[PDB]
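Novice: Here's a structure for you.
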Amino acid sequence: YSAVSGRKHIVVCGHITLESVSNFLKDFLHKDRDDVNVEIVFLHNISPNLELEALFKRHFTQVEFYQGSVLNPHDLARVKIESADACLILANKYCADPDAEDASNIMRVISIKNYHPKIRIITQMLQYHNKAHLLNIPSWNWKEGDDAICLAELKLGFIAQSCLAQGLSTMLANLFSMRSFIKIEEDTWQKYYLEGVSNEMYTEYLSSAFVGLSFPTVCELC
Amino acid sequence: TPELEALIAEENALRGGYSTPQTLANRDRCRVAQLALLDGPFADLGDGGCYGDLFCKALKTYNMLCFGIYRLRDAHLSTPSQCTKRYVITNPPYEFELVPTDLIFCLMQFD
Amino acid sequence: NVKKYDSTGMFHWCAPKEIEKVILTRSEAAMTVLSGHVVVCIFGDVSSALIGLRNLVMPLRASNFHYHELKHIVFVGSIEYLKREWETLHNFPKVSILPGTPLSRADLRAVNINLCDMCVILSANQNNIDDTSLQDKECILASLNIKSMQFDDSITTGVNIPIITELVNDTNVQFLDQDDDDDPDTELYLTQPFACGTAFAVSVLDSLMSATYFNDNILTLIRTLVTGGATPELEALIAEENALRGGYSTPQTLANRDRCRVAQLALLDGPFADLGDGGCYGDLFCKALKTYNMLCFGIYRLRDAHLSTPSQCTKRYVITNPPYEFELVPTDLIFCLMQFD
Ligand SMILES: [Ca+2]
Ligand SMILES: [Mg+2]
């Protein structure tokens, strides 16, 4: 790859396959989001097959590929991590033996940390018991620029937090998929439901004029 | 909170100790709650049909912050029936009708 | 009478015991106090293959050891695995066992790894897994876990605690430290951890065959320094009764345990300190000879002691048999070989 001034590029590594790439890319480049200005770079050690070539070509201006590994500190020099911004890690959810998958992910994090300490990392995990080991590696900074997203924890968390009130699971889970508003005219429930499906959750700084007021009052004002 | 995370990793088990004044205050964290319609003071606006009318008065005097509507699956048809499944609509506009039988997702302030 | 010298002037010995008499738990570990000791962390399960724990503790318990300057040993692992082996080594003084798993940050705090003098990690299951990238996982992860475990109160940072790991596939050596200029092309004897003397592998031994053939007796000499000594009598009895035995002391047995010892000596104190600014390693060598005959054949020196800017990293590297004129910084170590009991 090459580095171009004025922009930013990220990296991915892990279980690269048609389903995962389609879902991730769909969520990443969806038009509803704020004006996006990034590029996407993949790595893998199996030459992608014909079917996936379709997706990697169709976004000829936003996706680039480089065969290699992630454990070889020459490959991780090709991709130019030393000027990147993050490195996500797709992890295989439907594995046979859970333990091997997260072990391999652990070692991947280890190597990427080995090449550079000041990097950002966002990954997946499969059981809370093994999540803790990642707390140990020397440069993870939970306080600054780092994080980790499990599945089992979030799964049971959604279910439990919905135990107190029906359906809360769906209401949460729909807030984190980018969707656009739709037209339905038949007087079914589908129209009234899609009415609220396409909502999302965003963040922004406030205005200086609202400092000296009351949270209920400012909520009502908003 | 980071504090629990650290203890969680170190002892491999949650642990507790005699309570202290600071620990007692800690529990002001708010909770997820569901609220019925046909009873309670809010039932005065049972057929109000304006989610905004509920929204303004809810938190103004109770910090009762509402964002979700939960509705019977056959609640709109003319013909009556008895199915008892319900769907969810999030953050309705200001002028959405409200049948006398519905549920409100909400956040309850204190303990 | 004394029953402390296993019928030959080679090791110390006592009566056999049972697991309950040595099996401790976390509470007693909290109650007891240890200092300057060695912990061995052993992974594996019952389905795993055997590994030869017999030989490890042996030279540690040489008969060249004053009973008031011994070394204590504690094992950490799973008790069900250990039982399969303890029938071998159930005759040695001052050994302890602790259930658990070396991954538990809490458990190792009990053994007081902070103020130890040594550490060692062994793997056993590595011979069954197929993918070479899979094994050594636990060893590396535990090593970093030790290296990063914060402490409170001497020694305060996880870098200061020494550790001697072990691993099978050579390349993985690039994960042991952070500030390493890692590379896959460089072969093992030049990467940082090995010359730092905090790593090891079975591969480097393969050269012995060569030096074995050109001289018969070489292989004996090493077995002298490393295992402490294997006279024909000892190996004969070992083959005979499959387990060590011990008779009473004899006038020849007392004189038997007179064999030299490998050790280290500092510089910031002692009668040799006046030579700390001496600067000539040869001066140290000759001066040591005439008063104690202490053979000196190795300089173990700080990694960054040669630069100009000051720093605080505290790893060390080894130089063997330097010429007569080599400058000495006041702060460093020399290997030595004592001659008395
Ligand atoms: Ca390393
Ligand atoms: Mg391009």
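Ordering of the structure tokens sets the chain letters (A, B, ...), residue numbers begin anew at 1 in every chain, and ligands are numbered from 1 in the order given.
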Give me, as JSON, numbers by chain, the contact residues of chain B against chain A at a cut-off of 9 Å, counting only C-alpha atoms.

Specialist: {"B": [2, 8, 9, 32, 33, 34, 55, 56, 59, 60, 63, 68, 70, 73, 74, 76, 77, 86, 87, 88, 89, 90, 91, 92, 105]}

Novice: Kindly determine which residues of chain B lie within 10 Å of chain C, considering only C-alpha atoms, and give the answer as a list in words.

Specialist: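 That gives the following set of residues: residues 9, 10, 11 and 12 of chain B.
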
Novice: Set out as CSV a contact list for chain C and chain A with a cut-off of 9 Å, giving each residue of chain C that qualifies its closest atom pair and distance in Å to one decimal, counting only C-alpha atoms, ordered by chain and rising residue number.

Specialist:
```
residue,atom,partner,partner_atom,distance
C:103,CA,A:133,CA,8.3
C:133,CA,A:104,CA,8.2
C:134,CA,A:104,CA,7.3
C:137,CA,A:107,CA,7.4
C:141,CA,A:133,CA,7.7
C:144,CA,A:137,CA,6.3
C:145,CA,A:136,CA,5.5
C:146,CA,A:136,CA,8.9
C:147,CA,A:138,CA,8.2
C:148,CA,A:138,CA,6.0
C:149,CA,A:136,CA,7.8
C:174,CA,A:114,CA,8.4
C:175,CA,A:114,CA,6.8
C:177,CA,A:114,CA,8.1
C:178,CA,A:114,CA,5.9
C:179,CA,A:114,CA,8.3
C:180,CA,A:114,CA,8.5
C:181,CA,A:115,CA,8.9
C:182,CA,A:73,CA,7.5
C:183,CA,A:73,CA,6.6
C:184,CA,A:72,CA,7.3
```

Novice: Got a sec to tell me which of region 53-210 of chain A DSSP assigns to helix (DSSP H, G or I), as a ChimeraX atom specification?

Specialist: /A:53-58,75-78,81-83,98-115,128-131,133-136,152-163,168-174,189-197,208-210

Novice: As a PyMOL selection string, please: the residues near residue 188 (chain C) (cut-off 9 Å, only C-alpha atoms, same-chain neighbours under 5 positions excluded).

Specialist: chain C and resi 170-171+173+194+204

Novice: What do you get as a PyMOL selection string if you pick all residues at most 10 Å from ligand 2, counting only C-alpha atoms and all ligand atoms?

Specialist: chain A and resi 1-4+39-41+60-64

Novice: Take the residues just selected and output them with C-alpha atoms as a CSV table (one decimal), in the first residue's frame.

Specialist:
```csv
chain,number,residue,atom,x,y,z
A,1,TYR,CA,0.0,0.0,0.0
A,2,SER,CA,0.9,3.7,-0.1
A,3,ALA,CA,0.2,6.5,2.3
A,4,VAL,CA,-1.6,9.6,1.1
A,39,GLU,CA,-10.1,3.8,3.1
A,40,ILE,CA,-10.3,0.1,4.0
A,41,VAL,CA,-7.4,-2.4,3.8
A,60,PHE,CA,-12.9,0.0,-6.6
A,61,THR,CA,-12.3,3.3,-4.9
A,62,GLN,CA,-12.7,2.3,-1.2
A,63,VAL,CA,-11.3,-1.2,-0.6
A,64,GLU,CA,-7.8,-2.6,-1.1
```

Novice: Find the residues near residue 199 (chain C): any atom within 9 Å, counting only C-alpha atoms, skip ones fewer than 5 places away on the same chain, and give them as number ranges by chain.

Specialist: C: 163-167, 173, 176, 193-194

Novice: Show me, as a list in words, the residues that have an atom within 12 Å of residue 41 (chain B) when counting only C-alpha atoms, minus same-chain residues fewer than 5 positions from it.

Specialist: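 The residues satisfying every condition are residues 35, 36, 46, 54, 57, 58, 61 and 62 of chain B.
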
Novice: Excluding region 151-156 of chain A and residues on its chain fewer than 4 positions from it, collect all residues at most 7 Å away from it, counting only C-alpha atoms, and give them as a VMD selection string.

Specialist: chain A and resid 125 to 128 160

Novice: I'd like the neighbourhood of residue 49 (chain C) as a PDB file with C-alpha atoms, in the first residue's frame, where a residue qualifies if any of its atoms comes within 8 Å (using only C-alpha atoms), though same-chain residues fewer than 2 positions away should be ignored.

Specialist:
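Listed below is the output, part-v9.pdb:
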```pdb
ATOM      1  CA  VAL C  46      -3.783 -36.114  33.154  1.00  0.00           C
ATOM      2  CA  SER C  47      -4.159 -37.051  29.476  1.00  0.00           C
ATOM      3  CA  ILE C  51       7.859 -35.080  31.673  1.00  0.00           C
ATOM      4  CA  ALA C 124       4.017 -30.567  28.340  1.00  0.00           C
ATOM      5  CA  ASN C 125       1.081 -30.710  25.903  1.00  0.00           C
TER       6      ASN C 125
END
```

Novice: One number please: CA of residue 118 (chain C) to CA of residue 5 (chain C), in Å, one decimal.

Specialist: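 Atom-to-atom, CA of residue 118 (chain C) to CA of residue 5 (chain C), that is 25.8 Å.
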
Novice: Let me make sure I understand: among C:143, C:203, C:338, C:279, which one has the smallest atom-to-atom distance to ligand 1 if we use only C-alpha atoms and all ligand atoms?

Specialist: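 Smallest separation from ligand 1 among the options: C:143.
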
Novice: Per DSSP on the backbone, what are the strand (DSSP E or B) residues of region 15-222 of chain A, as a ChimeraX atom specification?

Specialist: /A:39-44,63-67,87-90,122,124,149

Novice: If I take CA of residue 9 (chain A) and CA of residue 173 (chain A), how far is one from the other in Å, to one decimal?

Specialist: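 Here the two named atoms are 28.2 Å from each other.
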
Novice: For CA of residue 257 (chain C) and CA of residue 117 (chain C), quote the distance in Å rounded to one decimal.

Specialist: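 Calculated distance between CA of residue 257 (chain C) and CA of residue 117 (chain C) is 25.1 Å.
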